[PDB]
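Here the structure is laid out as structure tokens; the discussion comes afterwards.
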Amino acid sequence: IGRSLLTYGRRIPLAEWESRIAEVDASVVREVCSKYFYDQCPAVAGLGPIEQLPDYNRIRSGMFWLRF
Amino acid sequence: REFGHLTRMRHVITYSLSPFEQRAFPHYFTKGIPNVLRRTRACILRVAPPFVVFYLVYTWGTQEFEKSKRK
């Protein structure tokens, strides 16, 4: 209750959280994944023992299939 | 002899950065030109003296062959 106020106003009822979820389809998911994941730059953090962890040039080339 | 089996190494860190976030020629003619300088300088005090000698013998030898026939 006390965190909703500082972030939205109008604490959101449970009847509303369910009619948003009635909207999602298979195609809606495909668009919103492409807009945020395809061909973007990541940030990476690691803690030992790591030598295998691949080079940055090879993590960045796994963000696009060379076919689609 | 692959990457997970090469050595053991302790408390050190590295700080990379992306390729699409920066530039390929930061300073092209303000660093490279004074760079070639200190390089060559430091080294053309023991590469030139050997090749002066081959020049001195070369001019002494064609001079002799020429004046032994044409007086």
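Order determines the names: the first chain of the structure tokens is A, the second B, and so forth; residues in each chain are numbered 1 upward, and ligands are numbered 1 upward as they are shown.
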Would you give me, as CSV, each residue of chain B having an atom within 10 Å of an atom of chain A, along with its shortest atom pair and that distance in Å to one decimal, using only C-alpha atoms and sorting by chain and residue number?
```
residue,atom,partner,partner_atom,distance
B:2,CA,A:52,CA,9.0
B:3,CA,A:52,CA,5.7
B:4,CA,A:52,CA,5.8
B:5,CA,A:51,CA,8.9
B:6,CA,A:51,CA,9.0
B:7,CA,A:51,CA,9.5
B:8,CA,A:49,CA,8.9
B:9,CA,A:49,CA,8.6
B:10,CA,A:48,CA,8.9
B:11,CA,A:48,CA,9.3
B:13,CA,A:47,CA,9.9
B:16,CA,A:56,CA,8.3
B:17,CA,A:56,CA,8.7
B:18,CA,A:41,CA,7.9
B:19,CA,A:57,CA,8.6
B:20,CA,A:41,CA,8.4
B:21,CA,A:41,CA,9.4
```
To test your reading of the structure, identify every residue in chain B that backbone DSSP assigns to helix (DSSP H, G or I), and report it as a PDB file with N, CA, C and O atoms, in the first residue's frame.
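Dumped everything to out_26.pdb:
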```
ATOM      1  N   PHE B   3      41.983 -23.409 -22.540  1.00  0.00           N
ATOM      2  CA  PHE B   3      41.951 -22.225 -21.677  1.00  0.00           C
ATOM      3  C   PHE B   3      41.744 -22.527 -20.198  1.00  0.00           C
ATOM      4  O   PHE B   3      42.240 -21.777 -19.355  1.00  0.00           O
ATOM      5  N   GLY B   4      41.039 -23.579 -19.842  1.00  0.00           N
ATOM      6  CA  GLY B   4      40.896 -23.703 -18.407  1.00  0.00           C
ATOM      7  C   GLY B   4      42.055 -24.313 -17.641  1.00  0.00           C
ATOM      8  O   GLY B   4      41.932 -24.472 -16.426  1.00  0.00           O
ATOM      9  N   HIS B   5      43.183 -24.637 -18.285  1.00  0.00           N
ATOM     10  CA  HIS B   5      44.268 -25.440 -17.709  1.00  0.00           C
ATOM     11  C   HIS B   5      45.636 -24.822 -17.959  1.00  0.00           C
ATOM     12  O   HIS B   5      46.571 -25.515 -18.354  1.00  0.00           O
ATOM     13  N   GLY B  32      50.899   9.514 -33.738  1.00  0.00           N
ATOM     14  CA  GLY B  32      51.707   8.641 -34.573  1.00  0.00           C
ATOM     15  C   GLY B  32      53.016   9.268 -35.016  1.00  0.00           C
ATOM     16  O   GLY B  32      54.022   8.572 -35.174  1.00  0.00           O
ATOM     17  N   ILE B  33      53.024  10.579 -35.226  1.00  0.00           N
ATOM     18  CA  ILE B  33      54.203  11.252 -35.766  1.00  0.00           C
ATOM     19  C   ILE B  33      55.285  11.398 -34.697  1.00  0.00           C
ATOM     20  O   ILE B  33      56.448  11.070 -34.975  1.00  0.00           O
ATOM     21  N   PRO B  34      54.993  11.875 -33.480  1.00  0.00           N
ATOM     22  CA  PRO B  34      56.039  11.837 -32.443  1.00  0.00           C
ATOM     23  C   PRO B  34      56.398  10.425 -32.014  1.00  0.00           C
ATOM     24  O   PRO B  34      57.462  10.220 -31.416  1.00  0.00           O
ATOM     25  N   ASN B  35      55.530   9.447 -32.290  1.00  0.00           N
ATOM     26  CA  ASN B  35      55.826   8.061 -31.945  1.00  0.00           C
ATOM     27  C   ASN B  35      56.950   7.509 -32.811  1.00  0.00           C
ATOM     28  O   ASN B  35      57.911   6.925 -32.301  1.00  0.00           O
ATOM     29  N   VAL B  36      56.810   7.641 -34.135  1.00  0.00           N
ATOM     30  CA  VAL B  36      57.822   7.143 -35.093  1.00  0.00           C
ATOM     31  C   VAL B  36      59.186   7.756 -34.793  1.00  0.00           C
ATOM     32  O   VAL B  36      60.215   7.147 -35.004  1.00  0.00           O
ATOM     33  N   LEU B  37      59.158   8.971 -34.288  1.00  0.00           N
ATOM     34  CA  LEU B  37      60.359   9.640 -33.900  1.00  0.00           C
ATOM     35  C   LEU B  37      61.122   8.899 -32.840  1.00  0.00           C
ATOM     36  O   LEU B  37      62.166   8.380 -33.162  1.00  0.00           O
ATOM     37  N   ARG B  38      60.646   8.836 -31.595  1.00  0.00           N
ATOM     38  CA  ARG B  38      61.408   8.152 -30.539  1.00  0.00           C
ATOM     39  C   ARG B  38      61.843   6.732 -30.935  1.00  0.00           C
ATOM     40  O   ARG B  38      63.018   6.355 -30.747  1.00  0.00           O
ATOM     41  N   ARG B  39      60.939   5.969 -31.526  1.00  0.00           N
ATOM     42  CA  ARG B  39      61.346   4.722 -32.127  1.00  0.00           C
ATOM     43  C   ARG B  39      62.617   4.869 -32.955  1.00  0.00           C
ATOM     44  O   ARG B  39      63.698   4.583 -32.456  1.00  0.00           O
ATOM     45  N   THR B  40      62.522   5.369 -34.185  1.00  0.00           N
ATOM     46  CA  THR B  40      63.720   5.484 -35.058  1.00  0.00           C
ATOM     47  C   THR B  40      64.916   6.075 -34.354  1.00  0.00           C
ATOM     48  O   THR B  40      66.015   5.630 -34.586  1.00  0.00           O
ATOM     49  N   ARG B  41      64.706   7.063 -33.494  1.00  0.00           N
ATOM     50  CA  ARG B  41      65.836   7.719 -32.879  1.00  0.00           C
ATOM     51  C   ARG B  41      66.609   6.692 -32.142  1.00  0.00           C
ATOM     52  O   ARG B  41      67.728   6.352 -32.494  1.00  0.00           O
ATOM     53  N   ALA B  42      65.985   6.216 -31.069  1.00  0.00           N
ATOM     54  CA  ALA B  42      66.551   5.216 -30.163  1.00  0.00           C
ATOM     55  C   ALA B  42      67.255   4.175 -30.973  1.00  0.00           C
ATOM     56  O   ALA B  42      68.365   3.770 -30.664  1.00  0.00           O
ATOM     57  N   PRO B  49      75.673   2.333 -39.349  1.00  0.00           N
ATOM     58  CA  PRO B  49      77.133   2.226 -39.546  1.00  0.00           C
ATOM     59  C   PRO B  49      77.555   1.004 -40.347  1.00  0.00           C
ATOM     60  O   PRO B  49      78.504   1.104 -41.135  1.00  0.00           O
ATOM     61  N   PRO B  50      76.924  -0.166 -40.184  1.00  0.00           N
ATOM     62  CA  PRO B  50      77.314  -1.293 -41.048  1.00  0.00           C
ATOM     63  C   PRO B  50      77.115  -1.041 -42.535  1.00  0.00           C
ATOM     64  O   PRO B  50      77.904  -1.546 -43.341  1.00  0.00           O
ATOM     65  N   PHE B  51      76.088  -0.286 -42.926  1.00  0.00           N
ATOM     66  CA  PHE B  51      75.766  -0.096 -44.335  1.00  0.00           C
ATOM     67  C   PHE B  51      76.514   1.065 -44.984  1.00  0.00           C
ATOM     68  O   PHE B  51      76.469   1.204 -46.208  1.00  0.00           O
ATOM     69  N   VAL B  52      77.189   1.903 -44.199  1.00  0.00           N
ATOM     70  CA  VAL B  52      78.115   2.864 -44.782  1.00  0.00           C
ATOM     71  C   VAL B  52      79.310   2.144 -45.391  1.00  0.00           C
ATOM     72  O   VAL B  52      79.838   2.557 -46.427  1.00  0.00           O
ATOM     73  N   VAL B  53      79.747   1.054 -44.762  1.00  0.00           N
ATOM     74  CA  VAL B  53      80.960   0.372 -45.198  1.00  0.00           C
ATOM     75  C   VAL B  53      80.789  -0.213 -46.595  1.00  0.00           C
ATOM     76  O   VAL B  53      81.666  -0.068 -47.451  1.00  0.00           O
ATOM     77  N   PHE B  54      79.657  -0.870 -46.853  1.00  0.00           N
ATOM     78  CA  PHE B  54      79.434  -1.446 -48.174  1.00  0.00           C
ATOM     79  C   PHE B  54      79.420  -0.375 -49.257  1.00  0.00           C
ATOM     80  O   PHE B  54      79.713  -0.666 -50.421  1.00  0.00           O
ATOM     81  N   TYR B  55      79.091   0.865 -48.896  1.00  0.00           N
ATOM     82  CA  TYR B  55      79.124   1.955 -49.863  1.00  0.00           C
ATOM     83  C   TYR B  55      80.551   2.414 -50.139  1.00  0.00           C
ATOM     84  O   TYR B  55      80.879   2.780 -51.270  1.00  0.00           O
ATOM     85  N   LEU B  56      81.410   2.413 -49.121  1.00  0.00           N
ATOM     86  CA  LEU B  56      82.786   2.848 -49.334  1.00  0.00           C
ATOM     87  C   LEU B  56      83.560   1.856 -50.191  1.00  0.00           C
ATOM     88  O   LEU B  56      84.362   2.255 -51.039  1.00  0.00           O
ATOM     89  N   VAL B  57      83.344   0.556 -49.979  1.00  0.00           N
ATOM     90  CA  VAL B  57      84.027  -0.451 -50.787  1.00  0.00           C
ATOM     91  C   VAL B  57      83.471  -0.474 -52.204  1.00  0.00           C
ATOM     92  O   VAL B  57      84.201  -0.734 -53.167  1.00  0.00           O
ATOM     93  N   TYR B  58      82.174  -0.205 -52.363  1.00  0.00           N
ATOM     94  CA  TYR B  58      81.570  -0.253 -53.691  1.00  0.00           C
ATOM     95  C   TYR B  58      82.156   0.808 -54.611  1.00  0.00           C
ATOM     96  O   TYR B  58      82.393   0.547 -55.794  1.00  0.00           O
ATOM     97  N   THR B  59      82.374   2.017 -54.097  1.00  0.00           N
ATOM     98  CA  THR B  59      82.916   3.080 -54.931  1.00  0.00           C
ATOM     99  C   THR B  59      84.410   2.926 -55.174  1.00  0.00           C
ATOM    100  O   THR B  59      84.917   3.450 -56.168  1.00  0.00           O
ATOM    101  N   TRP B  60      85.128   2.230 -54.296  1.00  0.00           N
ATOM    102  CA  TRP B  60      86.551   1.989 -54.482  1.00  0.00           C
ATOM    103  C   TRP B  60      86.823   0.890 -55.495  1.00  0.00           C
ATOM    104  O   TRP B  60      87.935   0.791 -56.016  1.00  0.00           O
ATOM    105  N   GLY B  61      85.832   0.051 -55.783  1.00  0.00           N
ATOM    106  CA  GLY B  61      86.084  -1.109 -56.618  1.00  0.00           C
ATOM    107  C   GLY B  61      85.768  -0.874 -58.079  1.00  0.00           C
ATOM    108  O   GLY B  61      86.459  -1.391 -58.959  1.00  0.00           O
ATOM    109  N   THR B  62      84.706  -0.119 -58.363  1.00  0.00           N
ATOM    110  CA  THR B  62      84.382   0.194 -59.750  1.00  0.00           C
ATOM    111  C   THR B  62      85.335   1.242 -60.306  1.00  0.00           C
ATOM    112  O   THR B  62      85.559   1.310 -61.519  1.00  0.00           O
ATOM    113  N   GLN B  63      85.903   2.065 -59.426  1.00  0.00           N
ATOM    114  CA  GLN B  63      86.909   3.034 -59.835  1.00  0.00           C
ATOM    115  C   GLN B  63      88.169   2.345 -60.350  1.00  0.00           C
ATOM    116  O   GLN B  63      88.773   2.785 -61.334  1.00  0.00           O
ATOM    117  N   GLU B  64      88.591   1.268 -59.684  1.00  0.00           N
ATOM    118  CA  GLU B  64      89.820   0.585 -60.077  1.00  0.00           C
ATOM    119  C   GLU B  64      89.637  -0.188 -61.375  1.00  0.00           C
ATOM    120  O   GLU B  64      90.528  -0.203 -62.230  1.00  0.00           O
ATOM    121  N   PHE B  65      88.494  -0.852 -61.533  1.00  0.00           N
ATOM    122  CA  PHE B  65      88.257  -1.649 -62.732  1.00  0.00           C
ATOM    123  C   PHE B  65      88.186  -0.760 -63.966  1.00  0.00           C
ATOM    124  O   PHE B  65      88.590  -1.160 -65.062  1.00  0.00           O
ATOM    125  N   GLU B  66      87.670   0.458 -63.799  1.00  0.00           N
ATOM    126  CA  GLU B  66      87.534   1.390 -64.913  1.00  0.00           C
ATOM    127  C   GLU B  66      88.876   1.946 -65.375  1.00  0.00           C
ATOM    128  O   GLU B  66      89.106   2.062 -66.582  1.00  0.00           O
ATOM    129  N   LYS B  67      89.778   2.279 -64.453  1.00  0.00           N
ATOM    130  CA  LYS B  67      91.021   2.928 -64.853  1.00  0.00           C
ATOM    131  C   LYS B  67      92.125   1.946 -65.218  1.00  0.00           C
ATOM    132  O   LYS B  67      93.225   2.379 -65.573  1.00  0.00           O
TER     133      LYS B  67
END
```
Atomic distance CA of residue 38 in chain A - CA of residue 61 in chain A, expressed in Å with one decimal: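 Going from CA of residue 38 in chain A over to CA of residue 61 in chain A covers 10.9 Å.
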Selected residue of minimal separation from residue 36 in chain A among A:3, A:58, A:13, A:63, counting only C-alpha atoms: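 Residue with the minimum atom-to-atom distance to residue 36 in chain A: A:63.
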